[PDB]
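Alright, two takes on the same chain below, each alone as structure tokens: structure 1 and structure 2.
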Structure 1
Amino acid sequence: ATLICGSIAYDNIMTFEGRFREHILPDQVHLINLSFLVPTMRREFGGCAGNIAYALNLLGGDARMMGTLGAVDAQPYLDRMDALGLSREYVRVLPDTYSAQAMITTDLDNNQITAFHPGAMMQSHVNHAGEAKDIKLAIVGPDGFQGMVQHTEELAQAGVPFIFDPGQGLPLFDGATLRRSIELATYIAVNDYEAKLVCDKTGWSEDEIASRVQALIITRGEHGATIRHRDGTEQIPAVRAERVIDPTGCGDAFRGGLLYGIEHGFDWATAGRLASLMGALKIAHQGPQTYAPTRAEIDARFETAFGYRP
């Protein structure tokens, strides 16, 4: 039983089939102008807690989402949760407010620029992580600020180890509130851009961050991930992608892997290789939760890549 704290949201995703990096011109006053053709809209199921629970559930883990929806557009997400066998124990639905929505425009480098309507996520703190029953592991992901803070406080007071993924909630934090949460965290899992943002805001070095947690994990897209102890660092490979369609959700799939790895007491290598696999399988499909491998399929792909079953 793994408590999954984070946004539950509707995503509207616009993926440039290319890399923003190729189209930056520093020398101009206009740094980048792009206009790319896209077909009909399709609203996706997303949010950080949503994505992480999905990935964990794909692996055959027990995933308890803790987060907030709004009653006006809740049902299609609640029904999906029901159809998938995801518990709504800590999924709170608030009468007469809208659920979070993310307008995400991105490229194949996962440079997500999101216009975010927090909606019901502004109330995330109505859930109390401490109250959760028989939790073995948790993750605290991007969410309402008061929610993120509270979740870290209650889980550390409960001695429930958690991964802390501030991700897209970093702007809500300051030096003092980011340091506090990182002090309460068992693991920190960020992408390399977020690590630098964290380094800046905390005024801490990576060395100083790694000293305070059990593991510092930094994902770097197609270049894999780093799993840092204070006594060692595993270099995690990227599983070469069948094809690259949409990286939106890759962070969250990877954390699906991590959470499974940790709760089963995998070695750090195997934990990260499994996380990295989830990352590679997602990127081949449009949206955070459009991939749907079977666990036998995940298992087969893992043994092909690495020569053993997880």
Structure 2
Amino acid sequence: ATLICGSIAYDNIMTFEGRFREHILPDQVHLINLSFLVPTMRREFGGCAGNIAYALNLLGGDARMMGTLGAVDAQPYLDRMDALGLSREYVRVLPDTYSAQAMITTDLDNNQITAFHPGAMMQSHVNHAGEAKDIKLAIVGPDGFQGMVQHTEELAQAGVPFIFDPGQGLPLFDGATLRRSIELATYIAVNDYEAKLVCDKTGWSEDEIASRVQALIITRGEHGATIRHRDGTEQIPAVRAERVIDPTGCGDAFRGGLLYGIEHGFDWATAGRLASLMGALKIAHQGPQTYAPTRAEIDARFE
């Protein structure tokens, strides 16, 4: 099985049928005390653990989420996991906390207010990667900082091969902990720019990073991807999209495709293309987890 260590999040998408600006009051200190009804408040399913697990599930793989939700608002995702046949074993629900979530409100003129609450994601380290069962492969993506660090350590202790994917959590890393995570890692995935940040932060050249992992995966997105291994470098081409609707989640779809390749028999040339294709399949849809290709639709679109 594949142990997907990452954050589990909701995006609450809210619409204000009105205009924010018409609600500043002319008080000595500008007053705003706006309340508005959101009867069609949307629940978008997110977080990288969720996104990748969803992508690995569609491929026919066996995905195991290790992430933390909040008891205040866990049920919807728990319900969704069960209906998708996803294991909830390593999904810990913590009391008196909210799940990781963004609140996104747009008015009629398309002005936006975004509040992110980290929530249950900041206590993801209560889930210990090593103390599991039947894991052949993992991934560590963006999560609460402590969780990310602990997972890398415990996955190595247990001897599990794992993709280190610091993602948007990369700015929290210093020279030393980034250097440490790379050595313990078996693979690493980043985009072209993050690869550059990693070089700049570690003080190691790309060559030096490569020698410390079985593969270094650099996604260029719309210009494709690259996979640097022992024998050399695969040049993964970009997959032609049906349409561009929402780029949000493509990276995680790409990873879902990638993790299927490693766990199964596929070489880096096929696995890299599998990844690429997953990124193109999600983009033609709104949200991270709305695209739902059947497996036969994936291998037909592969050839």
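So that the term is clear: the rigid core is the largest set of C-alpha atoms that superpose within 1.5 Å between two forms. Residue indices: 1-based, along structure 1.
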*Following superposition of the rigid core, which of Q112, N127, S181, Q150 is the only residue with a C-alpha displacement of 2 Å or more between the two structures?*
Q112
*On a core-based superposition, does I298 travel 2 Å or more at its Cα between the two structures?*
no
*For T15, state whether the C-alpha moves by 2 Å or more between the two structures after rigid core superposition.*
yes
*Core-aligned, is the CA shift for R243 between the two structures 2 angstroms or more?*
no
*If you line up the core, how far does the Cα of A195 move between the two structures, in Å?*
1.3
*For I32, tell me the Cα shift between the two structures once the rigid core is superposed, in Å to one decimal.*
26.7
*Distance the CA of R43 travels between the two structures [rigid core superposed, Å]*: 3.1
